[PDB]
Amino acid sequence: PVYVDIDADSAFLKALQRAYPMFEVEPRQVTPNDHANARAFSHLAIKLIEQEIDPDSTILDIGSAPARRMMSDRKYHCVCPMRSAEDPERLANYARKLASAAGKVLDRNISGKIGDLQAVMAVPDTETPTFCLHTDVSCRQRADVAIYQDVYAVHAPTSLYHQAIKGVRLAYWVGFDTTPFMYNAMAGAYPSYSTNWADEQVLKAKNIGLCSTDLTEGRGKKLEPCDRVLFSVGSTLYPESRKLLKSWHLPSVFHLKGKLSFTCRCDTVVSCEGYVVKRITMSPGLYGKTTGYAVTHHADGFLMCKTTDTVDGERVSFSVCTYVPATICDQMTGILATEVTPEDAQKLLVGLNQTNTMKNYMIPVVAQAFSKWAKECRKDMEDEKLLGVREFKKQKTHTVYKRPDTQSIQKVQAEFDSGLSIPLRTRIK
Amino acid sequence: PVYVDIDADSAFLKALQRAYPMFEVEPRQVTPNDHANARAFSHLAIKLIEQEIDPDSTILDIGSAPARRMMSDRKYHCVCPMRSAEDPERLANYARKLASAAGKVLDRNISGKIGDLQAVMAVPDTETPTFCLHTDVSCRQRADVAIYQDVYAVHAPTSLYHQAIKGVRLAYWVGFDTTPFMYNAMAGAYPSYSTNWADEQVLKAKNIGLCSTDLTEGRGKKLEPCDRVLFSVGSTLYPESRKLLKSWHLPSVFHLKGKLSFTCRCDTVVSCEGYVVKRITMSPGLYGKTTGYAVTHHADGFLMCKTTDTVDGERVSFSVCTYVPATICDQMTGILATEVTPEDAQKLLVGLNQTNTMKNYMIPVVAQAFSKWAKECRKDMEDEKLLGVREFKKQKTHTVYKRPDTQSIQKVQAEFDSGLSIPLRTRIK
Amino acid sequence: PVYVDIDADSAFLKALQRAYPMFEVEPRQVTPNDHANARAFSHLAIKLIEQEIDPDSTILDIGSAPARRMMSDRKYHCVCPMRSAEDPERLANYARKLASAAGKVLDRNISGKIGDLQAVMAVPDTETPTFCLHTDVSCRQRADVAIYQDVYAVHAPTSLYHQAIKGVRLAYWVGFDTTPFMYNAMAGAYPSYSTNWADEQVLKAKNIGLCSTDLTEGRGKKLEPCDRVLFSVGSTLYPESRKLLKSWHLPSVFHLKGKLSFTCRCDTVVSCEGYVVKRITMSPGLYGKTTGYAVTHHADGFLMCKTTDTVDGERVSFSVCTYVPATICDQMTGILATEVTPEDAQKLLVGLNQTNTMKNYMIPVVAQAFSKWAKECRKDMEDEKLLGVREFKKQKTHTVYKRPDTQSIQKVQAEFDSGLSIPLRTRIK
Ligand SMILES: Cn1cnc2nc(N)[nH]c(=O)c21
Ligand SMILES: Cn1cnc2nc(N)[nH]c(=O)c21
Ligand SMILES: Cn1cnc2nc(N)[nH]c(=O)c21
Ligand SMILES: [Zn+2]
Ligand SMILES: [Zn+2]
Ligand SMILES: [Zn+2]
């Protein structure tokens, strides 16, 4: 029996049910209609992690949202480095929320939280059990299992290492699937969590879901993905790094070799329409040979196609990715058996949609990806070379369609070897 | 449970429900049928702001309409600079309304309001809690959260700065969406709040929704948008400034650096068919790096196309924008998959309309924008360049269609560094 | 609850309901079937004005029809200059009506009216509260709010100024919409109040609704509108002046600068099928900058097309205007999307009519206006110039169609700086 914050008529409830077999999920929607999907996925991941941990084990909360942790009765040590502009806001409401609970209930250890916050305010560098002002690298509190949450800005090996040296044997990471960044897409969408993202070099493109072009009258030759990308989660902007996103795409077995050596395993437990819940087990010593392979089981179709656009009025081509639902791929099997036009594929996609199962601003590019993939497949079956010999004249590859129940294999690296302001601190009190 | 002033058969009630999930909105219409949409949106925004503020916190009302504030029991400090010709009219009824309530009820602090008004009349420069005669820049009363309302004539950074120096940590801004002015449109419409607007250089055009041409017999070369634009809200005229409209389109994080330094965040909370409710948090100090990006989540389609018209009998071309409803875009997905004529697109739009969901005087231009966008998309997919290289021969870009659930991203600036007349004063008493 | 003098099967009852949302209007017809529309509109305007004024405020009645004012219990000061041939007739019945009420009821201040009339008869230049014999310019009685009624022969700025100097702060003006004269139409119709009008230069035309040609056997080169125009309201004739009709089309804000300076705002409150109820607020001093713009919100379609006729047997071309109903424009949206012949447009208009919604003698010209507008729109969409540049070869403009919910903007001027005969006087007694 699990309760979600989505109306029962939404397809994402079915998606969550599929992605969380161990839980019976039923709708409960009151307030939200935009960020309900991400909130529900995060809540279900938190519940699954809680059910699969020792109730008497101290757990870090690197993905610190202390306002959220008000009902969790487990030993939570939130870590709020105070790095962004928003962190104080959260802090503020958290304090207010504590005050709101300071005289209502006595079951969630309100006095402990308030005292810990007061101690932190008196001295920022306190190591109180349920709060701190240090980065996960610089944190000092010792726990057993550490859980991350929407952390796409920290090198995964380094944070995991500095958590292991603090006795962290298990870690979880709820976030966005990192497949689009291992495939090096310029732009992409997660059109069920209301998120788009684009490389800063395509922000002035016309058709992608995160751009703003100019109505011009018309008139460096190397466009490649750069480290800086932008994530529009609904109306919120997040500047993220490609290299620190292609860092939580950890191989199945990887070694952290330094002063303390460890062998660790990452296994993606939950996967839903773009979100993933990775689990990394950390243990000292070397426990085998690292294959250096990261495996992504595509529970639903993953398309990545090279679309042509116009950036700053200049015609260019770049790659955009999306996560098609599994049912769409299943029902498009037969059509994709034939060479299908982008227009006809778009019409069939609209018909299959119907409410909708896939957002319509993606259909125009999903259809083009399907058509390019079908044409490439036919051109493949229309020419056959000699078996056993790699006969090189490298040719075009303008689509990557990972249908449901397929797997992606990437060779990755497997061997790795105090800001709070005085006025703000005064105000928070 | 929320009550609106619109008949239950109007689509705008559904639009409001979509734009205000946190409230259960039900129709209640007696008097209005023209300005019901804007009034309902403003009332819902006011209710949402009230529910999300400290009940014991003094709040400014820069968008001063003191006649309205007769039921708000919160600490309201209306600011009436007395700058426009209509300001006295409001004042008059305000006073009358106070007199109307001077001997009816004793729950809304009528005596306080009357005494404050008398003190203001005795001396204009009084700093009474619930009234003043100073501009927001020149106001002296100190509060916690400041609310704006239909303020499209004051530089947002300067007003926010002068409110922060007065201890304003939070501010709200209910108004018209500023996307059409970030895209630099010559003319545009908000065809659900009965508003049109045009640049003074196109006021003598033929087909736009705010113009008046002449039946002539026929017979500088640079037309670009200028600062002065005109808003026809129903039958009321408002001369606004482009630069002071492209000033409340604030980035997500912006710094106000002066004698007191602040870092602030603007996040659009509510968005309905053209109206927006922005929220800016003001705080001293610098709390990160400003990315200099403003993000607009297009909950409903936004079209901006270059139409050809005749101004003063001379053929010209200029850009006009509109906000198509989401359902129209959804149902036009498939058709836009194909090259569709403006005539056939217009016929399909009329059929989709049916009462109506979109006003028909816009359909003739919505269809042309749709057709131009479809043709540009096809011409894009009909030519493909080399990936990875910016091969510049800048070409035509004659449409900007931001479908529902897409995002616009504009690089904006993120680092910023006594009139009352004696006869009127005598009469008001 | 409001009661009108029109049968419930008439479309004008629906038009009135639309134009008067604040009132619940129900039919009550006994006597009239021709002038019911104008009488109902005037009565509703009078009721709305009464409900929105101080009950204890003296009000002028420049549009003096004292016979009508027998039930109005408010302080009415009718002004009858005695300028036309009809004024005595009215006077006569007025006196008779007073006598008819002289011994029936004692609630409407009949004795006061009779005494005032007797005092006026004894001395014409009396300033009695409820009667006078002076023009609004020459009137001496002092009031607060002045109401006009069907006054299309007096310069609006001068009358308003001479009323302000007499302490007139508010004024109303119920009359015919002045849009056809700001667009400078030669002839026009109000085919819901049974009114036509023509310029004296087209009174001998064939097809317009106010003309009389001659069955001739056949055989100055500048036809432009002149000041003198003729209004046929049903069977009654009214010689009006263009310049004094293009004088109550007041801008939104205008300044009356003389011995006493004032800033004033005119806002059209009610608008129905051609009639309007303008409201002008007059106040001393200067309260802003006058933009010099008059805004007309076209709640229903306004057509003005150049038709070719024969005047005195000579072929000429001149412009005629009309007010199409909103529903006709709505249902013609799709057809106007296509190039439509005047004949086929006429057939569709007849089918849409059906009783009728628009009088059929106008359909022949409404259809031609629609067809010319559609052809001009297509020729516009069939040629596109360079954006941003006014490329002048002034070309044809043979139609002006202001669809419902559009706005007309005209640059107007915003800065302005004893006949009774002895025999008649003896007879009236
Ligand atoms: C904290 N957070 C929640 N959703 C997020 N999405 C991205 N791309 N980066 C973030 O830091 C983030
Ligand atoms: C005060 N107000 C209400 N709607 C408004 N619309 C514009 N454009 N400018 C304004 O000042 C305004
Ligand atoms: C007094 N009156 C009633 N309907 C009227 N119509 C016109 N054109 N001129 C008038 O003076 C008039
Ligand atoms: Zn710690
Ligand atoms: Zn103040
Ligand atoms: Zn008088």
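Residues numbered from 1 in each chain as written, not as in the entry; some residues may be left out. Chains lettered and ligands numbered in written order. Part of a larger assembly, values for the part shown. Heavy atoms only, no water. Residues with missing side-chain atoms left out of burial classes, pairs and counts.

- Per the deposited record, cryo-EM is how this structure was determined, to a resolution of 2.8 Å.

### With respect to the overall build of chain A
And step 1. Each helix and strand counted, chain A has eleven helices and 19 strands in total.
And step 2. Over its C-alpha trace chain A gives a radius of gyration of 24 Å, about what one expects of a compact globule, namely 22 Å for 429 residues.
And step 3. Seen through its principal axes, chain A has C-alpha atoms that stretch 70 × 50 × 50 Å. (Helix = DSSP H or I, 4+ residues; strand = E, 2+ residues; numbered from the N terminus. Rg over C-alpha atoms; globule rule 2.2 N^0.38 Å.)

### Thoughts on the site of ligand 3
Residues and elements named next belong to chain C.
And step 1. Near ligand 3 you find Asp150, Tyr152, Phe231, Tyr238 and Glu240, and these make up its full shell.
And step 2. Considered on its own, ligand 3 offers 310 Å² of accessible surface; in the complex 75% of this is hidden by protein.
And step 3. Each residue belonging to the shell around ligand 3 can be placed in one class, and the counts come to three nonpolar, no polar and two charged. (Near = heavy atom within 4 Å. Areas by Shrake-Rupley, 256 points an atom, 1.4 Å probe, with all protein chains shown as cover. Nonpolar A, V, L, I, M, F, W, Y, C, P; charged D, E, K, R; others polar.)

### Considerations on the packing of helix α3 (residues 87-102) of chain B against helix α4 (residues 110-122) of chain B
All names here are of chain B.
And step 1. The N-to-C vectors of α3 and α4 enclose an angle of 140 degrees; their axes lie 10 Å apart at closest approach. Accordingly, the angle class assigned to the pair α3 and α4 is oblique. Remark: the crossing between α3 and α4 carries left-handed chirality. Here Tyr94, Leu98, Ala101 and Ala102 of α3 lie close against α4, whose contacting residues are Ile110, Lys113, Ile114 and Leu117.
And step 2. Of the residues contributing to the contact of α3 with α4, the split by class is seven nonpolar, no polar and one charged. (Axes fitted to C-alpha atoms, helices over the stretch in contact; angles between N-to-C directions. Parallel < 35°, antiparallel > 145°, perpendicular 65-115°, else oblique. Left-handed = near helix turned anticlockwise from the far one by under 90°. Contact = heavy atoms within 4.5 Å.)

### Digging into the interface of chain A and chain B
The extent of an interface is frequently quoted as the accessible surface area lost upon association of the parts.
And step 1. On the side of chain B, 62 residues touch chain A, which itself brings 65 residues to the contact.
And step 2. Among the elements that line the side of chain A that touches chain B, the one with the most residues is strand β16 (residues 314-323) of chain A, at six residues.
And step 3. Of the residues in the side of chain A that touches chain B, the class split is 17 nonpolar, 27 polar and 21 charged.

### Notes on the site of ligand 2
Residue and element names in this part refer to chain B.
And step 1. Close to ligand 2 lie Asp150, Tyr152, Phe231, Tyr238 and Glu240.
And step 2. When the free accessible area of ligand 2 is taken as 310 Å², the share hidden by the protein chains comes to 76%.
And step 3. Residue composition of the shell around ligand 2, grouped by class: three nonpolar, no polar and two charged.

### Examining the coordination of the zinc ion (ligand 4)
Residue and element names in this part refer to chain A.
And step 1. Bound to the zinc ion (ligand 4) on the protein side are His77 (NE2) and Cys139 (SG), at distances that span 2.3 Å. With a gap of 62 residues between them, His77 in strand β4 (residues 76-78) and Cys139 in the loop between α4 (110-122) and β5 (145-149) connect regions that are remote in the sequence.
And step 2. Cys139 gets classed as buried once you look at its relative accessible area, which sits at 6%. (Donors = N, O, S within 2.8 Å, 3.2 Å for Na, K, Ca; no water. Buried < 20%, exposed > 50% of the residue type's maximum accessible area, 1.4 Å probe, protein only.)

### So, helix α10 (residues 363-381) of chain A
And step 1. Compared with the 27 Å implied by 1.5 Å per residue over 19 residues, the 27 Å span of α10(A) between its first and last C-alpha is a close match.
And step 2. Within the span of α10(A), buried status applies to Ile363(A), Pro364(A), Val365(A), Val366(A), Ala367(A), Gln368(A), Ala369(A), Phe370(A), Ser371(A), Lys372(A), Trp373(A) and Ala374(A).
And step 3. Buried-residue contacts for α10(A) involve β15 (302-311), β16, α8 (326-336), α9 (342-353) and β17 (399-402) of chain A together with α10 (363-381) of chain B. (Expected span 1.5 Å × (residues − 1).)

### Overview of the relation of the copies chain A and chain B
And step 1. Superposing chain A onto chain B takes a rotation of 30 degrees plus a shift of 0.0 Å along the axis, which leaves an RMSD of 0.1 Å.
And step 2. Take the interface residues of chain A: only 3% of them recur as interface residues in chain B, which is what a contact between different surfaces looks like. (Least-squares fit on C-alpha atoms.)

### Topic: the pattern of salt bridges
And step 1. Evaluation of the coordinates by the stated rule reveals 35 salt bridges over all chains.
And step 2. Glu50(B) is the salt-bridge partner of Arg74(B), the closest N and O atoms lying 3.8 Å from each other. Linking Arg74(B) in the loop between β3 (59-61) and β4 (76-78) with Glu50(B) in helix α2 (residues 36-51), this pair joins segments that are 24 residues apart in sequence.
And step 3. Of the charged contacts in the structure, one is a salt bridge between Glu384(C) and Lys306(B), with a shortest N-O distance of 3.1 Å. Here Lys306(B) lies in strand β15 (residues 302-311) and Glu384(C) lies in the loop between α10 (363-381) and β17 (399-402), a pairing that spans two chains.
And step 4. With a relative accessible area of 35%, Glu384(C) lands in the partly exposed category.
And step 5. When its relative accessible area of 1% is taken as the criterion, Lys306(B) is described as buried.
And step 6. Salt bridges sharing common partners tie together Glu50(A), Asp73(A), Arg74(A) and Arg108(A). (Salt bridge = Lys/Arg side-chain N within 4 Å of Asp/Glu carboxyl O.)

### Thoughts on a nonpolar patch on the surface
And step 1. Residues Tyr293(A), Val295(A) and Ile409(A) make up a contiguous nonpolar surface patch of about 280 Å² in total accessible area.
And step 2. We classify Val295(A) as exposed; its relative accessible area is 53%. (Patch = residues over 30% accessible without salt bridge, like charges linked within 9 Å, V, L, I, M, F, W, Y side chains within 5 Å.)

### Quick notes on the interface of chain C and chain B
And step 1. Facing the 62 residues of chain C at the interface are 64 residues of chain B.
And step 2. The set of elements that each furnish at least two residues to the side of chain C that touches chain B consists of β12 (262-272), β13 (275-284), β14 (293-298), β15 (302-311), α8 (326-336), α10, β17 and β18 (406-411) of chain C.
And step 3. At seven residues, α10(C) tops the list of elements feeding residues into the side of chain C that touches chain B.
And step 4. Within the side of chain C that touches chain B, the residues separate by chemical class into 21 nonpolar, 20 polar and 21 charged.

### Section: the packing of aromatic side chains
And step 1. A complete count under the given rule lists 78 aromatic pairs over all chains for this structure.
And step 2. Here the aromatic rings of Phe12(B) and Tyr193(B) are separated by 4.9 Å at their centres, their planes lie at 85 degrees, and the arrangement is edge-to-face. In this pair, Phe12(B) is assigned in helix α1 (residues 11-19) and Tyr193(B) in the loop between β7 (187-190) and β8 (195-199), connecting sequence segments 181 residues apart. There is no split in this pair, since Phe12(B) and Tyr193(B) are both buried.
And step 3. Relative to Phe262(C), the ring of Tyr161(C) lies with its centre 6.2 Å away and its plane at 65 degrees, an arrangement referred to as edge-to-face. Across this residue pair, the class does not change: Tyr161(C) and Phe262(C) are buried.
And step 4. Directly above the aromatic system of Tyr293(A) lies the positively charged group of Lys411(A), at a separation of 4.6 Å from the ring centroid. (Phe/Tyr/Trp six-rings, centres within 6.5 Å; stacked < 30°, edge-to-face > 60°. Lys NZ or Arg CZ within 6 Å of the ring centre and 35° of its normal.)

### Observations regarding the relation of the copies chain C and chain B
And step 1. Overlaying chain C on chain B yields an RMSD of 0.1 Å, the required transformation being a rotation through 30 degrees with an accompanying axial translation of 0.0 Å.
And step 2. Taken as a fraction of all interface residues of chain C, those also at the interface in chain B reach only 3%, which identifies the copy contact as different-surface.

### Let's talk about the nonpolar core
Residues and elements named next belong to chain B.
And step 1. Of all hydrophobic cores here, the largest spans 79 residues; its most connected members are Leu16, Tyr20 and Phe41.
And step 2. Counting residues per element, this core draws most heavily on α2, which supplies nine residues.
And step 3. What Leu16 contacts, discounting residues up to four positions off in sequence, is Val4, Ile6, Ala40, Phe41, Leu44 and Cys272. (Core = buried A, V, L, I, M, F, W, Y, C linked by side-chain atoms within 4.5 Å.)

### Here we look at a negative patch on the surface
And step 1. A surface patch of like charges, here negative, comprises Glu339(A), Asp380(A), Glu382(A), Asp383(A) and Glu384(A).
And step 2. Looking at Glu384(A), the relative accessible area reads 74%, which means it is exposed. (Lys, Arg positive; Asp, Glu negative; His and termini not counted. Charge placed at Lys NZ, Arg CZ, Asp CG, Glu CD.)

### Quick look at a positive patch on the surface
All names here are of chain A.
And step 1. Together, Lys375, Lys379, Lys385, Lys393 and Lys396 line one region of the surface with positive charge.
And step 2. When you line up the elements, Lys379 lands in helix α10.
And step 3. On the basis of relative accessibility, which here comes to 52%, the residue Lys379 falls in the exposed class.

### Observations regarding the environment of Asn93(A)
And step 1. Mapped onto the fold, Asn93(A) is located in helix α3 (residues 87-102).
And step 2. Considering only alpha carbons, one finds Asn93(A) and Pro129(A), 36 residues apart in sequence, at a separation of 20 Å.

### So, the pairing of strand β11 (residues 253-256) of chain A
Residue and element names in this part refer to chain A.
And step 1. Pairing of β11 with strand β12 (residues 262-272), which is carried by four bridges, proceeds in the antiparallel orientation. The residue bridging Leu256 from the neighbouring strand is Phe262, located in β12.
And step 2. Connecting β11 to the antiparallel partner β12 that follows it, the hairpin turn spans five residues.
And step 3. Alignment of β11 against strand β19 (residues 415-416), held across two bridges, turns out to be parallel. In the strand pairing of β19, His255 is matched with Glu415. (Pairing = 2+ DSSP bridges.)

### What to know about the side chain of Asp300(C)
And step 1. Mapped onto the fold, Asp300(C) is located in the loop between β14 and β15.
And step 2. Excluding residues that lie within four positions of it along the chain, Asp300(C) makes contacts with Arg18(C), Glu273(C), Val324(C), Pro325(C), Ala326(C), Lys402(C) and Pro404(C).

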